[PDB]
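Everything on this sheet refers to the single structure shown next.
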Ligand SMILES: C/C1=C\[C@H](C)C[C@H](C)OC(=O)C[C@H](c2ccc(O)cc2)NC(=O)[C@@H](Cc2c(Br)[nH]c3ccccc23)N(C)C(=O)[C@H](C)NC(=O)[C@@H](C)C1
Ligand SMILES: Nc1ncnc2c1ncn2[C@@H]1O[C@H](COP(=O)(O)OP(=O)(O)O)[C@@H](O)[C@H]1O
Ligand SMILES: Nc1ncnc2c1ncn2[C@@H]1O[C@H](COP(=O)(O)OP(=O)(O)O)[C@@H](O)[C@H]1O
Ligand SMILES: Nc1ncnc2c1ncn2[C@@H]1O[C@H](COP(=O)(O)OP(=O)(O)O)[C@@H](O)[C@H]1O
Ligand SMILES: Nc1ncnc2c1ncn2[C@@H]1O[C@H](COP(=O)(O)OP(=O)(O)O)[C@@H](O)[C@H]1O
Ligand SMILES: Nc1ncnc2c1ncn2[C@@H]1O[C@H](COP(=O)(O)OP(=O)(O)O)[C@@H](O)[C@H]1O
Ligand SMILES: [Mg+2]
Ligand SMILES: [Mg+2]
Ligand SMILES: [Mg+2]
Ligand SMILES: [Mg+2]
Ligand SMILES: [Mg+2]
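Protein chains in written order, with PDB author numbering: chain C, 8 to 377; chain A, 8 to 377; chain E, 8 to 377; chain D, 8 to 377; chain B, 8 to 377.
Encoded structure:
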């Protein structure tokens, strides 16, 4: 009767037991291995730190994110992360509860198969189910129709849905996300004379990004508006104590989402992946889709994304239709909350993958029940 | 179960058995050889005096320190010194106890290899271990994080550490120490008309240094404040009975630490070796390092070093951070006490270099277990 | 019709007028200030020596490199250096010729802006242009496609190019260079009992590095091959006349390039910055890039770098492709020669920044024409 | 336009007006006071004889050298000596000319301050300047680089210089000089049955020293070579008319310079003060220093010092370097001649201490202009 | 097992066999030759009288002291004296016992060499050794540290020693002694109308000196205190029976020791030879030396020497130190007693010069074993 909800992002792990309004444990997904040798006798090594503990001391550690673009690169690392979750933070047993793992649309079969296989074989779990992040956000928004476009560090989905039915041919993933905007925010931040070559320093960047970055209404405008610089430059204060001052970098760093040309990729921006994901949907549901666009996931937390996205689509799609982007407060957790509502539904209880069914049917069954 | 702790300095040897709060035998490391021929029949020659005995009669002897800048120049002399330690003062056997020898960071391999080799082959010892002085002081300070900057007659280390892990690339040694401040205090003391050309006389100087020397808050200030001389000149009274009076020499002798330009070396002073040793450490631990700086070793006993060092770093490093130099009472022994705490730890017992392991693995193994 | 080519390195300044096959003046970039006071009456002070003159007498001087990691730390010093170039060595006037200054990729805007500003305002120059070092080396190699990875004392670039087009997102700079391998060669050389604390002595080291250092094929092999030491130890003879003998230090000093772990930085080595700089390039040009890798800059002069780099990439990248590192003879000047060929091209004459255009458009225009 | 050069030695005063190739007046610095009462009526008392006059009649007088180890013991005596110089021998006025006084390195401030003070206040002089003897010898040698090691009766300097710059930390003074070799030549001469208890007799000794003393190539050799005595014993003929014969005393008297052990002092000999004064100089200038060693001052006039010093250093310093000791003819005056060349230089005229500047700035200014 | 101790003074010969507390034979060293011809038939001529016998009849004899200032002037005479010792008074054989001869510091080699040579060749002795008088007195005083300043008729030594080690450079001999105070006491005694031109009469003087002479506390005082003469004039009664009365001569005769100016020599007095002999000793032992000064030898027997010497040194040396002159009772024999204690020591037996070693090694060996 208690469903255990773990949504594995890239660069966050949000885990809380079902029925709560906000997740218990929110900690970045990081596996630190101390680079230099330990000296002081009596210290507890704990060879590989994990999660928040390992982001409290980042000066000693070489951090490796195990998830890059929503696809596990290194399993040992992830497995260790989950272990940290269930034991050190959720404080729930593996064998007692069913758990809900979350996954990205169009994600290689390898992640499903090997993900569950690692859940049943190494951990022991009674039942399991892995749902597309996008759709889960839609439960949270509590409405039955709309595009759900989320962007987490790894991946950015656009999954349209019409009145409860999902469109498998419309789904569209772009790879511009939080970690490409940080790994970009360095290439730009060099311009000012600052420079960050190291992992720990990359996370310092990520903080800069979260605090000081906004998205311009019209970028061509603001690039001119910054010639005369008054309140645009905000002073960020490092863990060091040195005082940085970031210029244009504030609004040209997050803009990479709308123009990927900057990052160098040939993909289309967010506005043309939303709009395009619609244009693949039949001409009859476009009304509802244009109406219900729901932002989700962290990367869209930037101040003023709603306005820019709306105006931009409106420019793209015919003027007759009203475009409304619903940007709910506390959307950073939308995927998780959707995990709660979903896992708490009385009819949903039929769909869990069962310890038995896995045992007899092999790990490949995951593909059939998703 | 009794660990024997010998910390070999340059110009002191502090030896006491583990578990004591202060070392049993503290005597300068000196090998006197009487220069003139002995006459009185029945006198006991004991050709080469050692330690305190040889500093009670310094008029007959030509003293030779066997350690110059923490690196053994002449082995026979040192070997003789240790011999004096274990037999005439510690009163412990060599073969009964394990002994802990202490060494300077970035110290030529020769001193490790040949040091142990002389411990196992000529003396017979069951087990042995040689630890960096800096880190040992940090156990004594009982805190797990901070810069430990010591200066003994030979050498001055800055070894930062963060939460039990040591940073091998940060370590920084400067060669300004007690013996360069005495050998300088002569070049200055000549200015007053006094002059000391001889070894014995050099030690007289060292006494002058210990008693009458303080470190100015702001040197440029005091050089002016001494134009009108009231209480600055203190009268020191020699073994001779003649009465010296030392002028500015009091505060411009120990200042050489902060400005090496005076001694002539091109190295940076103490404040820029501390601050620089930090700047090589990652931007994430700087908080803790700036906070926990621990003075250690004799040469920092000068009255008022804390204030000057703090203000000086604070001037160097960004003003936002609080700098606190912990100058514990009885820091002259910090390295030794750290020898006690360390050697008394239950987990440490695994690390000793074993008579066997040396016998089979050759003397080179020292480098692997330090 | 005569273009004046000055490529500002860190620790060298290579200046020669266009059309020559090798640069006229090659002298280290050093600003000496004599530390002690001058005595002999009638001597010509010339307060701050510069370049080769100041490396003929390094015993009196405290040397300060004005360029650290390709980014001017202290302008007065550099300005003085150039002055020394144009007047005392190139023997060309500033106002007569256009000059070509060279710069490092991803280099803070400050160096461009202030560099030209100092060229037009203090010196007077008719026209000016500042090109990325990497690309300039590629003209010299006379081929239109390849990675150009150079390492000068300050910086090491990897700038890929495909058939005349440059990839701005692929560029990758690492900070391991000649001066980190010298400043490291001390930390290691201490191990043998030698030690160099002073600037002048650092340059002595740099000589040791240039003459006696080679790069191992497989390092793990040679670390074993040195247990039995025959021809590995080479005897270097100081300006003093004392005879040093360097051990392993020969091949473990330059290896820091391939493993930065030694220096302590968390960056990837040279092989993974080359290989990684490729992996950011589209899958279609990889053929040409893997084929045409061009070593450049001084730091790669080490005997046997070609073999190690090739085998190492080959291990990294799929075996099907042939990797060929072109290591042209006289690659130390590749950047300069590229300065000659480039500045001598008939179409290039359109791109110079003009005295006028600077006067009206402010110093910021540099960013637009590079 | 005529500079007056007085170099105050211990046991000589060499005074001549600038521009001459050799000094006008050379007379020993001695203040005789007739011990017994005068009888013959009409004799001119002139209570205290001075200089050569007082060494023509030494039987009546008790001689007191006012300079002992280059530091004025008794001022009245010296003041009287100078007076004798300017009036009775130089025949120049005090008030007409600027005068150049000479002083020993590391000499107590008292001698500078009180020396000038006695020059401006009691004598009246327009301008004055006091230069280190060592450096002045170096002008005379006309070369810009080398160790200048002089030994006058009082003091023996080693002052290295590199290409016009002086090294203040290298300077090294030893106290073995002409007067310790005479006061020693008595302790040895007693061995033969001769003995000299009185001042006048001490000067007789000094003559013996000057005429009959040479320095052995290898002392241990000659101590054996004197067992069979042929030409080693030379017969000296006193003012008395009695005929002395001096044995080994010839070469073991001046050897005290190379071994101070004989005199009893703990200082190092001349060879280790030269060689050591080098070893304190940076490793870059050692070439030039080893090359240019310049003997100077009287005490080095001994026949065959060049050979012994050279071979001895060569034994000390690495064999690769050529050691050359330049022992110019007429080196007894080197300090003076250097006084001439220096005082005659057109740029030097700026440095004189001025009657005015002294009047306003107090006598302490001497320390600032030296 | 019986050591024969002969201490040859100038004007005494103190000979007694080892182990006695006071010497057996004490007789003046005099060789009388009767001047006039003998007449009475049957008288025993014994051409040259010696010692006490020759001082019982001094009217017939012309006395010649063979020792003048501790250096044998005439050998035949001395040889005869010893002969008188061993046969007529010690009553010991030459060949049976080893003998200890005593000598003055800084004494011409001639006296050592020829002294032993006369002991082994003419007399036959099994073993021999010749020790410095000063040091021997120090055994007698039974303390291991102090200045030993003795004055016998010939010579006055100051030989400092520190804790068993002797300082060869400190030794200092002055020639003011008993025989210069007698030969002076005549020049003064003439003043009163008495006069002694002849040898025998000189010895009468010496008696006057011994009995009636004291040393003033402050001489300038007493020269005034004698204007009113009460108890100062003491009446001495000659062998003649005539009654002398000596005036000031009492205290101005022995004062010549403290002021040699009177005798005419240029040497310093006793107080400045003690104090100066200290000042040549290192600044570290001065404490002990100032403390332990030991008077010795006859000439210091004068009533009240202790007080004057102490106050006088105290005036010379810094007031902080306590000066104590130990003037042991029966110090006239101190040198001899020291001969007993020394010769009776069990370890001393190794040092004797052996009949053999002399036979093979020639007489020169004496110099090596002293
Ligand atoms: C406390 C001491 C001494 C005294 C009791 C202290 C008092 C205070 O000195 C004086 O006032 C005397 C005078 C002096 C002369 C002039 C003057 O304006 C001030 C002082 N100074 C001298 O004669 C120098 C001579 C000297 C020799 Br050689 N080479 C040297 C090298 C450099 C400097 C000087 C010298 N001098 C006394 C010595 O070195 C002796 C060997 N010093 C000592 O070992 C100890 C006992 C130190
Ligand atoms: N308050 C914020 N403002 C701006 N960006 C943010 C903020 N919080 C997080 N981010 C960005 O979003 C990322 C977190 O996304 P997340 O919700 O974890 O996606 P996922 O759950 O799919 O990993 C962070 O790494 C950061 O780049
Ligand atoms: N009380 C004091 N005041 C000032 N300086 C001191 C004092 N005690 C010792 N020193 C200086 O410190 C030195 C002792 O340093 P030490 O603790 O022995 O270092 P190490 O143990 O590394 O040799 C002495 O030689 C002296 O120069
Ligand atoms: N012959 C050589 N062998 C090995 N290393 C060399 C050699 N010559 C130069 N170097 C290294 O390369 C550096 C010179 O690089 P340089 O070509 O000046 O780069 P930049 O022009 O970017 O400064 C030197 O400082 C030295 O460290
Ligand atoms: N011809 C000579 N041979 C040997 N020694 C000499 C000779 N002439 C002088 N001396 C020694 O050198 C001393 C003179 O040194 P001097 O040049 O006066 O030095 P300073 O000028 O510093 O006093 C003399 O006292 C004597 O001891
Ligand atoms: N009682 C005395 N009072 C004063 N002076 C004395 C006394 N006895 C001896 N002397 C002096 O001391 C001398 C004896 O000295 P002595 O002890 O023989 O010295 P040494 O043994 O070296 O010859 C005598 O010649 C005399 O001048
Ligand atoms: Mg997400
Ligand atoms: Mg220490
Ligand atoms: Mg370059
Ligand atoms: Mg001289
Ligand atoms: Mg005697």
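Where is the CB? At the ideal position from N, CA and C, for every residue including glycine.
**Beta-carbon proximity check, residue 162(C) vs residue 111(C), cutoff 8 angstroms** = yes
**Prompt:** Within 7 angstroms: the Cβ of residue 213(D) and any heavy atom of ligand 6?
**Reply:** no
**Prompt:** Which residues, in order along the region 261-295 of chain E, keep a beta-carbon less than 9 angstroms from a beta-carbon of chain C?
**Reply:** Taking 9 angstroms as the Cβ-Cβ cut-off against chain C, the residues of the region 261-295 of chain E that qualify are 268, 271, 272, 273, 274, 287 and 289.
**Request:** Could you pull out every residue in the same chain whose Cβ sits closer than 8 angstroms to the Cβ of residue 42(B), ignoring the five residues on either side in sequence?
**Result:** 67, 68 and 69
**Message:** Tell me which residue opens and which closes the beta strand (DSSP E) that residue 163(A) is part of.
**Reply:** 163-166
**Item:** the region 333-346 of chain A contacting the region 289-304 of chain A, beta-carbon criterion three pairs below 8 angstroms
**Value:** yes
**Prompt:** Anyone know if the C-beta pair for residue 157(B) and residue 76(B) falls short of 8 angstroms?
**Reply:** Contact: no.
**Prompt:** The beta strand (DSSP E) with residue 127(A) in it runs from where to where?
**Reply:** Taken as a continuous stretch (DSSP letters only), residue 127(A) belongs to no beta strand (DSSP E), being part of the alpha helix (DSSP H) at 116-127.
**Asked** Can residue 362(B) and residue 127(B) be called in contact, C-beta distance under 8 angstroms?
**Response** With respect to residue 127(B), residue 362(B) sits close: the two C-beta atoms are nearer than 8 angstroms.
**Message:** Looking at ligand 4, does it come within less than 7 angstroms of residue 122(E), judged from the CB to the closest heavy atom?
**Reply:** Checking the Cβ of residue 122(E) against ligand 4 gives no.
**Item:** Where residue 34(C) sits in the DSSP three-state scheme
**Value:** Note: residue 34(C) maps to strand in three-state DSSP.
**Prompt:** Bridge partners of residue 179(A), per DSSP?
**Reply:** 165(A)
**Request:** Pull out every residue of the region 205-230 of chain C whose Cβ sits closer than 9 angstroms to any Cβ of chain E, in chain order.
**Result:** 205, 206, 207 and 208
**Prompt:** Can you round the beta-carbon distance between residue 282(C) and residue 324(C) to whole angstroms, since I take them to be within the 8 angstroms contact cut?
**Reply:** 6 angstroms
**Message:** So if I threshold CB-CB distances at 7 angstroms, which residues from the region 141-175 of chain A count as touching chain C?
**Reply:** 142, 151, 168, 169, 170, 171, 172, 173, 174 and 175
**Request:** Closer than 7 angstroms by C-beta to residue 320(C): which residues in its own chain qualify, once you throw out the five before and the five after it? Chain order, please.
**Result:** 278, 281, 282 and 330
**Prompt:** Starting from residue 193(E) and walking both ways along the beta strand (DSSP E), at which residues does that stretch end?
**Reply:** Unbroken run through residue 193(E) is the alpha helix (DSSP H), 185-196; no beta strand (DSSP E).
**Asked** What span of residues does the beta strand (DSSP E) with residue 110(D) cover, start to end?
**Response** 106-110
**Request:** Use the C-beta contact count for residue 8(A): other C-beta atoms within 10 angstroms, 16 or more gives buried, fewer gives exposed.
**Result:** exposed
**Message:** Closest to residue 48(E) by C-alpha separation, out of 348(D), 368(D), 373(D) and 342(D), would be which residue?
**Reply:** 348(D)
**Prompt:** In this structure, does DSSP put residue 74(D) in helix, strand or coil?
**Reply:** In the structure shown, residue 74(D) sits in a strand (DSSP, three-state: E or B).
**Item:** Minimum length 4: unbroken alpha helix (DSSP H) runs contained in the region 327-364 of chain E
**Value:** 341-350
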